[PDB]
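Structure file coords_13.json (JSON, C-alpha atoms) follows.
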```json
[["chain", "number", "residue", "atom", "x", "y", "z"],
["A", 951, "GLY", "CA", 49.98, -88.54, 25.62],
["A", 952, "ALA", "CA", 46.52, -87.44, 26.66],
["A", 953, "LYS", "CA", 48.06, -84.34, 28.27],
["A", 954, "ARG", "CA", 49.18, -83.05, 24.86],
["A", 955, "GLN", "CA", 45.72, -83.73, 23.43],
["A", 956, "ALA", "CA", 44.02, -81.84, 26.26],
["A", 957, "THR", "CA", 46.48, -78.96, 25.87],
["A", 958, "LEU", "CA", 45.74, -78.76, 22.14],
["A", 959, "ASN", "CA", 41.99, -78.87, 22.79],
["A", 960, "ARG", "CA", 42.23, -76.01, 25.29],
["A", 961, "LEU", "CA", 44.66, -73.99, 23.15],
["A", 962, "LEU", "CA", 42.50, -74.26, 20.01],
["A", 963, "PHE", "CA", 38.88, -73.87, 21.20],
["A", 964, "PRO", "CA", 38.83, -72.74, 24.86],
["A", 965, "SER", "CA", 35.14, -72.04, 25.49],
["A", 966, "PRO", "CA", 33.60, -75.20, 23.93],
["A", 967, "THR", "CA", 36.24, -77.50, 25.42],
["A", 968, "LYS", "CA", 35.53, -75.95, 28.83],
["A", 969, "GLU", "CA", 31.81, -76.56, 28.29],
["A", 970, "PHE", "CA", 32.64, -80.13, 27.22],
["A", 971, "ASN", "CA", 34.73, -80.65, 30.36],
["A", 972, "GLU", "CA", 31.90, -79.37, 32.56],
["A", 973, "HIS", "CA", 29.39, -81.60, 30.76],
["A", 974, "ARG", "CA", 31.65, -84.66, 31.10],
["A", 975, "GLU", "CA", 32.11, -83.96, 34.81],
["A", 976, "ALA", "CA", 28.35, -83.58, 35.25],
["A", 977, "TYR", "CA", 27.05, -86.52, 33.20],
["A", 978, "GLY", "CA", 29.99, -88.91, 32.85],
["A", 979, "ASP", "CA", 30.64, -90.38, 29.41],
["A", 980, "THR", "CA", 27.71, -90.24, 26.98],
["A", 981, "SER", "CA", 29.57, -90.83, 23.70],
["A", 982, "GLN", "CA", 28.40, -94.48, 23.71],
["A", 983, "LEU", "CA", 24.72, -93.54, 23.31],
["A", 984, "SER", "CA", 22.84, -93.75, 20.03],
["A", 985, "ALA", "CA", 21.38, -90.85, 18.06],
["A", 986, "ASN", "CA", 17.86, -91.70, 19.22],
["A", 987, "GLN", "CA", 18.62, -91.69, 22.96],
["A", 988, "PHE", "CA", 20.98, -88.71, 22.68],
["A", 989, "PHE", "CA", 18.62, -86.44, 20.74],
["A", 990, "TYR", "CA", 15.12, -87.61, 21.72],
["A", 991, "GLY", "CA", 15.10, -89.57, 24.98],
["A", 992, "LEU", "CA", 13.30, -92.59, 26.42],
["A", 993, "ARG", "CA", 9.88, -93.99, 25.35],
["A", 994, "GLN", "CA", 7.53, -96.52, 27.05],
["A", 995, "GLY", "CA", 7.63, -100.21, 26.03],
["A", 996, "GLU", "CA", 11.18, -99.93, 24.64],
["A", 997, "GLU", "CA", 14.40, -101.43, 26.15],
["A", 998, "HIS", "CA", 17.81, -99.91, 25.38],
["A", 999, "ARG", "CA", 21.25, -101.52, 25.69],
["A", 1000, "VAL", "CA", 24.20, -99.24, 26.47],
["A", 1001, "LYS", "CA", 27.73, -100.66, 26.47],
["A", 1002, "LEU", "CA", 29.99, -99.39, 29.27],
["A", 1003, "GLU", "CA", 32.87, -101.90, 29.19],
["A", 1004, "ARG", "CA", 33.69, -105.35, 27.83],
["A", 1005, "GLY", "CA", 31.04, -107.47, 29.51],
["A", 1006, "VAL", "CA", 29.61, -104.42, 31.33],
["A", 1007, "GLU", "CA", 26.29, -103.43, 29.73],
["A", 1008, "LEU", "CA", 23.31, -101.46, 31.04],
["A", 1009, "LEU", "CA", 19.63, -102.10, 30.21],
["A", 1010, "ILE", "CA", 17.50, -98.95, 30.45],
["A", 1011, "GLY", "CA", 13.74, -98.45, 30.12],
["A", 1012, "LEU", "CA", 10.89, -96.16, 31.12],
["A", 1013, "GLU", "CA", 7.83, -96.77, 33.31],
["A", 1014, "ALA", "CA", 5.87, -93.57, 33.90],
["A", 1015, "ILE", "CA", 5.96, -89.79, 34.37],
["A", 1016, "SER", "CA", 4.03, -87.63, 36.85],
["A", 1017, "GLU", "CA", 2.61, -84.19, 36.16],
["A", 1018, "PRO", "CA", 4.45, -81.27, 37.79],
["A", 1019, "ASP", "CA", 3.68, -80.20, 41.34],
["A", 1020, "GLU", "CA", 3.32, -76.59, 42.51],
["A", 1021, "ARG", "CA", 7.00, -76.26, 41.57],
["A", 1022, "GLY", "CA", 8.42, -77.05, 38.14],
["A", 1023, "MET", "CA", 9.59, -80.45, 39.38],
["A", 1024, "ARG", "CA", 8.41, -83.79, 37.99],
["A", 1025, "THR", "CA", 9.20, -87.38, 38.98],
["A", 1026, "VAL", "CA", 10.07, -89.92, 36.28],
["A", 1027, "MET", "CA", 9.96, -93.63, 37.12],
["A", 1028, "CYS", "CA", 12.48, -95.58, 35.03],
["A", 1029, "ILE", "CA", 13.88, -99.12, 34.95],
["A", 1030, "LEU", "CA", 17.61, -99.88, 35.28],
["A", 1031, "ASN", "CA", 18.75, -103.52, 35.17],
["A", 1032, "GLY", "CA", 15.19, -104.56, 35.99],
["A", 1033, "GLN", "CA", 14.95, -102.29, 39.04],
["A", 1034, "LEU", "CA", 12.67, -99.29, 39.57],
["A", 1035, "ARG", "CA", 14.30, -95.87, 39.94],
["A", 1036, "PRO", "CA", 12.62, -92.51, 40.64],
["A", 1037, "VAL", "CA", 14.38, -89.42, 39.24],
["A", 1038, "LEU", "CA", 13.48, -85.82, 40.08],
["A", 1039, "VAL", "CA", 13.73, -83.49, 37.07],
["A", 1040, "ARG", "CA", 12.95, -79.85, 36.27],
["A", 1041, "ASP", "CA", 10.46, -79.00, 33.51],
["A", 1042, "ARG", "CA", 11.60, -75.68, 32.03],
["A", 1043, "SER", "CA", 8.44, -75.36, 29.91],
["A", 1044, "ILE", "CA", 6.11, -74.32, 32.75],
["A", 1045, "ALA", "CA", 8.78, -72.27, 34.60],
["B", 951, "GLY", "CA", -29.02, -112.62, 64.32],
["B", 952, "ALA", "CA", -27.23, -111.71, 61.12],
["B", 953, "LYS", "CA", -28.82, -114.73, 59.43],
["B", 954, "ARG", "CA", -32.29, -113.20, 59.81],
["B", 955, "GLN", "CA", -31.01, -109.89, 58.43],
["B", 956, "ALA", "CA", -29.46, -111.58, 55.39],
["B", 957, "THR", "CA", -32.66, -113.58, 54.84],
["B", 958, "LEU", "CA", -34.73, -110.39, 54.93],
["B", 959, "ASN", "CA", -32.33, -108.66, 52.54],
["B", 960, "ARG", "CA", -32.55, -111.52, 50.05],
["B", 961, "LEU", "CA", -36.33, -111.92, 50.45],
["B", 962, "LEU", "CA", -37.03, -108.21, 49.91],
["B", 963, "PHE", "CA", -34.65, -107.10, 47.12],
["B", 964, "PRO", "CA", -32.98, -110.17, 45.54],
["B", 965, "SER", "CA", -31.10, -108.69, 42.57],
["B", 966, "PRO", "CA", -29.44, -105.68, 44.30],
["B", 967, "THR", "CA", -28.52, -107.67, 47.41],
["B", 968, "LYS", "CA", -26.91, -110.28, 45.14],
["B", 969, "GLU", "CA", -24.99, -107.52, 43.38],
["B", 970, "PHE", "CA", -24.00, -106.15, 46.80],
["B", 971, "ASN", "CA", -22.80, -109.59, 47.91],
["B", 972, "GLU", "CA", -20.71, -109.97, 44.74],
["B", 973, "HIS", "CA", -19.25, -106.48, 45.21],
["B", 974, "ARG", "CA", -18.41, -107.17, 48.87],
["B", 975, "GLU", "CA", -16.72, -110.44, 47.92],
["B", 976, "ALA", "CA", -14.73, -108.68, 45.20],
["B", 977, "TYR", "CA", -13.64, -105.51, 47.00],
["B", 978, "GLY", "CA", -13.97, -106.26, 50.71],
["B", 979, "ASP", "CA", -15.61, -103.61, 52.89],
["B", 980, "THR", "CA", -15.70, -100.10, 51.41],
["B", 981, "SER", "CA", -18.37, -98.54, 53.65],
["B", 982, "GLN", "CA", -15.63, -96.79, 55.67],
["B", 983, "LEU", "CA", -14.54, -94.61, 52.74],
["B", 984, "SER", "CA", -15.50, -90.96, 52.34],
["B", 985, "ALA", "CA", -17.69, -89.48, 49.61],
["B", 986, "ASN", "CA", -14.65, -88.04, 47.83],
["B", 987, "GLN", "CA", -12.69, -91.31, 47.59],
["B", 988, "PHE", "CA", -15.83, -93.36, 46.86],
["B", 989, "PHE", "CA", -17.16, -91.18, 44.03],
["B", 990, "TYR", "CA", -14.05, -89.53, 42.54],
["B", 991, "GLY", "CA", -10.85, -91.40, 43.39],
["B", 992, "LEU", "CA", -7.24, -90.54, 44.21],
["B", 993, "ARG", "CA", -5.35, -87.32, 43.33],
["B", 994, "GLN", "CA", -1.58, -86.52, 43.50],
["B", 995, "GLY", "CA", -0.18, -84.66, 46.55],
["B", 996, "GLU", "CA", -2.92, -85.66, 49.02],
["B", 997, "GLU", "CA", -2.84, -88.38, 51.68],
["B", 998, "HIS", "CA", -5.96, -90.24, 52.84],
["B", 999, "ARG", "CA", -6.59, -92.02, 56.14],
["B", 1000, "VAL", "CA", -8.96, -95.01, 56.12],
["B", 1001, "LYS", "CA", -9.95, -96.66, 59.40],
["B", 1002, "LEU", "CA", -10.10, -100.47, 59.32],
["B", 1003, "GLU", "CA", -10.16, -101.37, 63.04],
["B", 1004, "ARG", "CA", -9.42, -99.80, 66.42],
["B", 1005, "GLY", "CA", -5.77, -98.89, 66.04],
["B", 1006, "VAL", "CA", -5.67, -100.32, 62.50],
["B", 1007, "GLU", "CA", -5.54, -97.46, 59.97],
["B", 1008, "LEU", "CA", -4.33, -97.28, 56.37],
["B", 1009, "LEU", "CA", -2.59, -94.32, 54.71],
["B", 1010, "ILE", "CA", -3.17, -94.18, 50.94],
["B", 1011, "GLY", "CA", -1.75, -91.87, 48.28],
["B", 1012, "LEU", "CA", -0.99, -91.63, 44.58],
["B", 1013, "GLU", "CA", 2.32, -91.31, 42.71],
["B", 1014, "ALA", "CA", 1.83, -91.55, 38.94],
["B", 1015, "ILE", "CA", -0.12, -93.07, 36.05],
["B", 1016, "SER", "CA", 1.16, -94.45, 32.74],
["B", 1017, "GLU", "CA", -0.56, -94.11, 29.38],
["B", 1018, "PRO", "CA", -2.19, -97.28, 28.01],
["B", 1019, "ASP", "CA", -0.19, -99.82, 26.04],
["B", 1020, "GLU", "CA", -1.38, -101.55, 22.86],
["B", 1021, "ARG", "CA", -4.06, -103.10, 25.09],
["B", 1022, "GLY", "CA", -6.47, -101.10, 27.23],
["B", 1023, "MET", "CA", -4.32, -101.72, 30.30],
["B", 1024, "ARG", "CA", -2.63, -99.00, 32.35],
["B", 1025, "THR", "CA", -0.31, -99.16, 35.37],
["B", 1026, "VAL", "CA", -0.97, -96.88, 38.36],
["B", 1027, "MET", "CA", 1.78, -96.36, 40.93],
["B", 1028, "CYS", "CA", 0.31, -95.68, 44.39],
["B", 1029, "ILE", "CA", 1.60, -95.41, 47.96],
["B", 1030, "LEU", "CA", 0.34, -97.61, 50.80],
["B", 1031, "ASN", "CA", 1.81, -97.12, 54.29],
["B", 1032, "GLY", "CA", 4.76, -95.35, 52.69],
["B", 1033, "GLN", "CA", 5.47, -98.19, 50.24],
["B", 1034, "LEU", "CA", 5.23, -98.13, 46.45],
["B", 1035, "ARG", "CA", 2.62, -100.37, 44.80],
["B", 1036, "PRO", "CA", 1.96, -100.90, 41.07],
["B", 1037, "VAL", "CA", -1.63, -101.79, 40.11],
["B", 1038, "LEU", "CA", -2.74, -102.95, 36.66],
["B", 1039, "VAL", "CA", -6.12, -101.52, 35.63],
["B", 1040, "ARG", "CA", -8.35, -101.53, 32.55],
["B", 1041, "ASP", "CA", -9.29, -98.24, 30.86],
["B", 1042, "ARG", "CA", -12.74, -98.76, 29.35],
["B", 1043, "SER", "CA", -12.63, -95.40, 27.54],
["B", 1044, "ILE", "CA", -10.26, -96.49, 24.75],
["B", 1045, "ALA", "CA", -11.67, -100.05, 24.52]]
```
Please lay out the structure from this file as structure tokens.
Amino acid sequence: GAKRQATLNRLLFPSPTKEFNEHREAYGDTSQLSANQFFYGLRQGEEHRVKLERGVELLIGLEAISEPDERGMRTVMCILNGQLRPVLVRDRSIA
Amino acid sequence: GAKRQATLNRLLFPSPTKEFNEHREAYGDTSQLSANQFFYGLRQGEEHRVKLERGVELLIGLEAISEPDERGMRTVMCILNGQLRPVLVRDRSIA
């Protein structure tokens, strides 16, 4: 079962499987993304389709990005299923 | 009355009063704005109060600006009375 598989994963490579478990807890399941979204990100004018389940698909796009405030925090306006969504993110470049 | 004032304005300086009439038709009444808003515009992080009538005031702010598409058109996300508003504008710099 899946228990044996998890026990093998932890018994073979402990540190990276623990990192993988933390990442999967944090950001759900991202193995369904493409290379372009996974490695680069979102661009403006481009719609992406991500398959969650059979008949359950998500349509993701970008709208705009604001310059950072006195903190290192920026706000990104995106589109999910045709609805606007603001997301607060940290820009590690300006510290 | 106001008719005499309009007739004097048109009889003294026709071309600029006609431009002023077109501008007032296009953009309502903007004589209540400050020098900073009138000459420069809107910046991010600041909130402006504009008085329309006695007890009727408007609170204006900025959220973000997107880079122009294949056209010369940009979308500016602003805040009016605490509500998000997208405005489509033309950037004459890139033609």
Restrict the calculation to only C-alpha atoms, then for each residue of chain B with any atom at most 7 Å from an atom of chain A give the closest atom pair and their distance in Å to one decimal, rows by chain and rising residue number, as JSON lines.
```
{"residue": "B:1014", "atom": "CA", "partner": "A:1016", "partner_atom": "CA", "distance": 5.0}
{"residue": "B:1015", "atom": "CA", "partner": "A:1014", "partner_atom": "CA", "distance": 6.4}
{"residue": "B:1016", "atom": "CA", "partner": "A:1014", "partner_atom": "CA", "distance": 4.9}
```
Shell of 8 Å around residue A:1041, all atoms listed in the file, local chain residues under 3 positions omitted, as number ranges by chain: A: 1018, 1022-1024, 1044-1045
Name the residues in contact with residue A:987 at a cut-off of 12 Å, using all atoms listed in the file, excluding same-chain residues fewer than 3 positions from it; report them as a short mmCIF file (atom, residue, chain, number, x, y, z; two decimals) with C-alpha atoms, keeping the file's coordinate frame.
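Once everything was written out, this is selection.cif:
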```cif
data_model
loop_
_atom_site.label_atom_id
_atom_site.label_comp_id
_atom_site.auth_asym_id
_atom_site.auth_seq_id
_atom_site.Cartn_x
_atom_site.Cartn_y
_atom_site.Cartn_z
CA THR A 980 27.71 -90.24 26.98
CA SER A 981 29.57 -90.83 23.70
CA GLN A 982 28.40 -94.48 23.71
CA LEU A 983 24.72 -93.54 23.31
CA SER A 984 22.84 -93.75 20.03
CA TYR A 990 15.12 -87.61 21.72
CA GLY A 991 15.10 -89.57 24.98
CA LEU A 992 13.30 -92.59 26.42
CA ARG A 993 9.88 -93.99 25.35
CA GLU A 996 11.18 -99.93 24.64
CA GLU A 997 14.40 -101.43 26.15
CA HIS A 998 17.81 -99.91 25.38
CA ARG A 999 21.25 -101.52 25.69
CA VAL A 1000 24.20 -99.24 26.47
CA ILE A 1010 17.50 -98.95 30.45
CA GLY A 1011 13.74 -98.45 30.12
#
```
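Distance-wise, atom CA of residue B:1031 and atom CA of residue B:1008 end up 6.5 Å apart.
Interatomic distance, atom CA of residue B:958 to atom CA of residue B:970: 14.1 Å.
Here atom CA of residue A:961 is placed at a distance of 27.9 Å from atom CA of residue A:988.
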Padded axis-aligned box of stretch 987-1004 of chain B (5 Å per side), centre and edge lengths, Å, one decimal, as JSON:
```
{"center_x": -8.7, "center_y": -93.0, "center_z": 54.5, "size_x": 27.0, "size_y": 26.7, "size_z": 33.9}
```
Given all atoms listed in the file as the counted atoms, nearest of B:1021, B:989, B:1002, B:965 to residue B:1043: B:1021
